[PDB]
There are 2 protein chains.
Amino acid sequence: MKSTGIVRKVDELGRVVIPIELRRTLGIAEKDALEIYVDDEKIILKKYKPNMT
Amino acid sequence: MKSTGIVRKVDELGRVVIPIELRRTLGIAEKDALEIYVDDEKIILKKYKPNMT
């Protein structure tokens, strides 16, 4: 499990329903955060750094 | 406008609220679709191909 090549809708408020399977791949969650970047034209979602002090 | 290095929550249903600004950058919308992939450990959101026959 990795790249799916799978499209999703951005829902309504601007939240893209990132499939549970994918966020399972990165081991993120809904209450989790994603550190988003963009490579010129494309979006890069990393999982938020789980650094809790 | 491009990479922000900006984190967002995955909401509740599994939809990450991708900031309006970012989707403003890639020319997407909330009714739009995003062709999501993953590079080993990270998520890659491209905007869905606007090819409408």
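Of everything in region A:22-49 that's hydrophobic (A, V, I, L, M, F, W, C), under 18 Å from B:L13 (Cα atoms) and touching a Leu at 6+ places or on another chain (Cβ under 6 Å), which residue is farthest from the other protein chains (Cβ to nearest Cβ)? Working first, answer last.
Looking only at region A:22-49, we keep the residues that are hydrophobic (A, V, I, L, M, F, W, C), and these are A:22, A:26, A:28-29, A:33-34, A:36, A:38, A:43-45.
Add one more test, that the residue is under 18 Å from B:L13 (Cα atoms), and what stays is A:22, A:26, A:28-29, A:33-34, A:45.
Next, from what is left, pick out any that are touching a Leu at 6+ places or on another chain (Cβ under 6 Å): A:34, A:45.
Numbers: A:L34: 5, A:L45: 3 Å.
Selected residue: A:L34.
Residues checked against (1) farther than 13 Å from B:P19 by Cβ; (2) of a type in the set (S, T, N, Q); (3) surrounded by fewer than 17 Cβ atoms within 10 Å (Cβ to Cβ); (4) in contact with a helix residue (DSSP H, G or I) (Cβ under 6 Å, 6 or more places away or on another chain):
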{"position": "A:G5", "(1), (2), (3), (4)": "yes, no, yes, no"}
{"position": "A:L13", "(1), (2), (3), (4)": "no, no, yes, no"}
{"position": "A:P19", "(1), (2), (3), (4)": "yes, no, yes, no"}
{"position": "A:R24", "(1), (2), (3), (4)": "yes, no, yes, no"}
{"position": "A:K31", "(1), (2), (3), (4)": "yes, no, yes, no"}
{"position": "A:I36", "(1), (2), (3), (4)": "no, no, no, no"}
{"position": "A:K42", "(1), (2), (3), (4)": "yes, no, no, no"}
{"position": "A:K49", "(1), (2), (3), (4)": "yes, no, yes, no"}
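Heads up, the Cβs are rebuilt from the backbone with ideal geometry, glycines too, and the neighbour counts pull from every protein chain shown. Only the coordinates and a few stated rules stand behind these numbers; no lab work does.
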